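1. Coordinates for the following, if possible.
(chains A, B, C, D, E and F)
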Amino acid sequence: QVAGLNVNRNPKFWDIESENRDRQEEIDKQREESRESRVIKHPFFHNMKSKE
Amino acid sequence: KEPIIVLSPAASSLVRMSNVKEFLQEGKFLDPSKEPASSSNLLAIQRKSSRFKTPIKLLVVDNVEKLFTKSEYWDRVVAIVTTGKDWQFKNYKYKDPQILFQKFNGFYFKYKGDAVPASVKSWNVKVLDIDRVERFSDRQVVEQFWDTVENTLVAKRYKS
Amino acid sequence: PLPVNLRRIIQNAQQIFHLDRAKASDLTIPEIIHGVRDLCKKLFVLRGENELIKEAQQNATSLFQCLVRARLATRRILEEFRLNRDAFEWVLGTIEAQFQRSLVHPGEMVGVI
Amino acid sequence: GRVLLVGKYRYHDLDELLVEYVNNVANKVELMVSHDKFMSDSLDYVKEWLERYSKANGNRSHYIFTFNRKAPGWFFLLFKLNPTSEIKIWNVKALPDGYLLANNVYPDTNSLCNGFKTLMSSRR
Amino acid sequence: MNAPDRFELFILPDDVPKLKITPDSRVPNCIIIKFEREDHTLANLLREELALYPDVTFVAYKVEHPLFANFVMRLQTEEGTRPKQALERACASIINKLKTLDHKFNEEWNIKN
Amino acid sequence: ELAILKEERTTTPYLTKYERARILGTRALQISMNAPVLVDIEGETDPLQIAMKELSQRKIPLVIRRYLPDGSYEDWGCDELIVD
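-> Numbers count the residues shown, from 1 in each chain, chains lettered A, B, ... in the order given. And now the structure:
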C-alpha cells in the first residue's frame, strides 16, 4: 500500500505515458552501480587486456 | 653415481634452474624473476672443497616425476629446497613433509628481513638469508649450504 | 675506542671459510694492495664532491684508516691470518657495511644525551 | 581465492595450478610438435599435403596433426584412408595428463596414435 | 583484589581439555603433551618411570610458571614404539606398583596391630 | 627555490631509525584507516606487521622530505632509501 492518495489518474486528465516513462527512467537510474579495477600481487600478473 | 639436488618448481622460489648454477657454483646471486625460465630440468654443477682433493660433480633436478623412476635414485639425494608448500611432496618418496625432512636435508631460501612461513618453522629445515642490497654475503651463504651438503656426503661415505 | 671490530671480522672470516690447514693461498699481493687502498676511500662520512667536503672526509677517517692499514697488511694477511680471495672480499665488504652502520643518525638529540 | 577451479581440476594456490596444469600442457604440446606426424603450417597447406601424399601412397592410410588456430589449446587430427575417401577432421584437446581424443585420455603421442588406429579398426 | 580463586588449581574448566598432544617435528617420533590442572606430583612420577624404559630415548617436563597450574612434557621413543603407548605403559606400571604397595602395607599393618 | 634537484642530493642514502619509525607508524595508521595495501598479505592482520612487510618489499608509497638547517629540503622516496 504505497498509493495512499486518490489522485485522479483519468487518461484524458492525466499524462499517463509521460509518468510511465519518467518512472521507468527513475528505475533505470536506481539500477546504477559502482565498480573499480582489481589489483593482484603476483610476479607473472600484469594488468593488461587480452590483445595486450 | 653423482648426487642429486632437488629444487622447488614453484615460481616464488628464490633458487630456480635459471640461476642455480651461478648461485651454488659461481657464488653470485641473481634475481630469478628477472632471469628467463630454463627449459631443461637437469643441470650439472661443480663444487670445489678443501675436504676433497678433486672437484665433485653434482646433478640438479627440478622435477622428480620423470627422473626418479627407480628407488635407488633417492639414495643419491643430498639436499632438498622447498618453498614451504605442501603440494611439492605429492609424488615424493615420503609424501609427508616431516619424515622427508628428518630423512633428508631441507633448505629454505628467503630474503633478509622477511618473515618465515609457519610451515617452515614447524619443519626441520635450514634457513638461509640473502640480502637484497649487499652482494658480498652470497659466497658466505653458499659456503654454509655446501658445508651442510659436504657434512652429509662425508657422513654417507661417498666415493669420488 | 674505534668502530668496526677488525679482530672479530677476521676470526669470523676464518671460521666461515675454513682458513685452517697449510694450504697455499691464491690471493695475489697487488689484489691485497689495491683492495685495502680502495677500501680506505669508500668510508663515507660525508657525501659530496666539494674540495672542503673531501678534506673533512679524509680528516674524519684518519685514525680508522690507520687501524685498518695496521691490521690488513700484506705480510699479516698472508702469514698470520692466511686469508684467500673469497675471505678477503668478504672482509672488505663487511668492513664497508659495518662502517656505514656505525654513523650517527640525523635527528639525534646528542645534547640531552 | 583459496580454491581455484579449471574445469574439473581443483587447486589450492596459483603456483600449484601453474606447475600442475601449464607446465604439463606445454610438455604435451612440445611432444605433439616433436612427433613425426605433425605439421605446424596452415590448414589448407596441411590438407593439400595430405591429399598429395595420399594420392602418391594410396596403399596406406595417412594421418597428421596440426594446430587449431580457431580454438586455442586444441589440435586437428586429419586422416585420409584412401584417395577416394573424404578427409575427416577430429578434435584433440591438450590436457595436463595427455591428449583427449574421442573422450579417451592418452598419456603420450604414440599411445594416442595406437588408440586412433584401434578406433579406426573397430569402426571399420 | 587480584587474587585468583584457590579452586582453580585443580578444577578443570568446561572448555579447557585435560590433555593436549602435539607432535614435535624437529626430531622423529616425538610428541609434546600439555597437562592441565596438574603439578610436580604427577609430572615427576611419570618422568622418572618413563626414563627407565629401554625404548624411551628422551623424557622431560617443565612447569613454566608457578602461578599457573599446568606442565608440559616432551617424550621421544624408538622407531618401533609410539610415545603415547609408552605413556600408557608407564601409567599402568605405576598403578600396579601402587596396588602391590598398598597390599603389602595393609598386610604389615594387620600383622603388627 | 627551496627544493634541491635529485642529481645533487647530498644527504645519506640510508633510512635512519627515526624515519623508519615514523614511516611505519604513518603507514600502519593509514592501513588501519582502510587504505589500499600494495603487498600480498598471507594471513597477517596487524597493521604494523603489514606496514613492516610493505617496507621490506619497498612498496610504501610515501616520500620523506629532509630539512636542511638553512631551510632548503631534499625529497627522498621510501623505495630509493636503503633499509636494513
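
2. From now on I want contacts and neighbour counts done on CA atoms only, so please keep to that.
-> Will do.

3. excluding its backbone neighbours, what's nearest the residue of chain B found nearest chain E?
-> Going by C-alpha to the nearest C-alpha, chain E is nearest to residue B:124 of chain B, at 5.0 Å. Among residues not flanking residue B:124 along the chain, residue E:26 sits closest, at 5.0 Å (C-alpha to C-alpha, 6 or more residues apart in numbering or on different chains).

4. Run through the helices of the chain in chain order.
-> As the question left the chain open, I've gone with chain A. Here chain A has its helices, by DSSP state H, at A:16-30.

5. you looked at the wrong chain, it should be chain E
-> Using DSSP H, helices in chain E cover E:40-50, E:83-112.

6. Same question for chain C.
-> Going by DSSP H, chain C shows helices at C:6-17, C:29-39, C:51-60, C:62-71, C:74-75, C:85-101.

7. Return the most buried member of the ones you listed.
-> helix C:85-101 (a mean of 18; mean count of other C-alpha atoms under 10 Å in any protein chain shown).

8. so who does the closest residue to residue D:80 other than its chain neighbours touch?
-> Distances taken as C-alpha to C-alpha, 6+ apart place residue D:87 nearest to residue D:80, at 5.1 Å, with adjacent residues excluded. By C-alpha atoms under 8 Å, 6 or more residues apart in numbering or on different chains, the contact set of residue D:87 is D:47, D:78, D:79, D:80.

9. can I get the residues you listed in JSON lines with secondary structure, distance to residue B:1 and neighbour count?
-> As requested, the contacts of residue D:87 are exported to JSON lines (DSSP: H, G, I helix; E, B strand; the rest coil; distance: C-alpha to C-alpha, whole Å; neighbours: other C-alpha atoms under 10 Å in any protein chain shown):
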{"residue": "D:47", "secondary structure": "helix", "distance to residue B:1": "50", "neighbour count": "16"}
{"residue": "D:78", "secondary structure": "strand", "distance to residue B:1": "46", "neighbour count": "19"}
{"residue": "D:79", "secondary structure": "strand", "distance to residue B:1": "46", "neighbour count": "22"}
{"residue": "D:80", "secondary structure": "strand", "distance to residue B:1": "49", "neighbour count": "22"}
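
10. For chain E, state which of those residues is nearest.
-> Nearest to chain E among those, with distances taken as C-alpha to the nearest C-alpha, is residue D:78, at 56.5 Å.

11. Return the residues in contact with the closest one.
-> Contacts for residue D:78 (C-alpha under 8 Å, 6+ apart) come out as D:47, D:63, D:64, D:65, D:87, D:88, D:89, D:90.

12. Same question for residue B:75.
-> So residue B:75 contacts nothing (C-alpha under 8 Å, 6+ apart).

13. On the three-state scheme, it is what?
-> At residue B:75 the chain is in helix, as set by DSSP: H, G, I helix; E, B strand; the rest coil.

14. for chain D, what are the nearby residues on chain B?
-> By C-alpha under 8 Å from any C-alpha of the partner chain, the part of chain B that sits against chain D consists of B:9, B:10, B:11, B:12, B:87.

15. on that earlier part again, would you format the contacts of residue D:78 as a markdown table with distance to residue E:59 and secondary structure included?
-> As requested, the contacts of residue D:78 are exported to a markdown table (distance: C-alpha to C-alpha, whole Å; DSSP: H, G, I helix; E, B strand; the rest coil):
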| residue | distance to residue E:59 | secondary structure |
| --- | --- | --- |
| D:47 | 77 | helix |
| D:63 | 71 | strand |
| D:64 | 69 | strand |
| D:65 | 67 | strand |
| D:87 | 77 | coil |
| D:88 | 74 | strand |
| D:89 | 71 | strand |
| D:90 | 68 | strand |
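
16. Compare these and tell me which has the most neighbours.
-> Within these, most neighbours by other C-alpha atoms under 10 Å in any protein chain shown means residue D:65, with 24 neighbours.

17. Need phi/psi at the residue nearest to the spatial centre of chain B.
-> For chain B, the residue nearest the mean C-alpha position is residue B:81 (4.1 Å; C-alpha atoms, centre = their mean). The phi and psi values for residue B:81, taken as degrees, to the nearest 10, are phi -110, psi 120.

18. What are the contacting residues of stretch B:89-102?
-> In contact with stretch B:89-102 (C-alpha under 8 Å, 6+ apart) are residues B:64, B:65, B:74, B:86, B:123, B:124, B:125, E:25, E:26, E:27, E:28.

19. again but with stretch B:132-150, I slipped
-> B:23-24, B:27-29, B:78-79, B:111-112, B:128-131, C:16-17, C:86, C:89-90, C:93-94, F:82.

20. Surely residue D:93 touches residue D:103?
-> No. With contact defined as C-alpha atoms under 8 Å, residue D:93 does not count as touching residue D:103 (9.8 Å).

21. which one of the two has more residues nearby?
-> residue D:93 (20 against 9).

22. tell me the contacts of the nearest residue to that one once chain neighbours are set aside?
-> Leaving aside its sequence neighbours, residue D:93 sits nearest to residue D:74 (C-alpha to C-alpha, 6+ apart; 4.4 Å). Contacts for residue D:74 (C-alpha under 8 Å, 6+ apart) come out as D:67, D:68, D:91, D:92, D:93, D:94.

23. With that, I have no additional questions.
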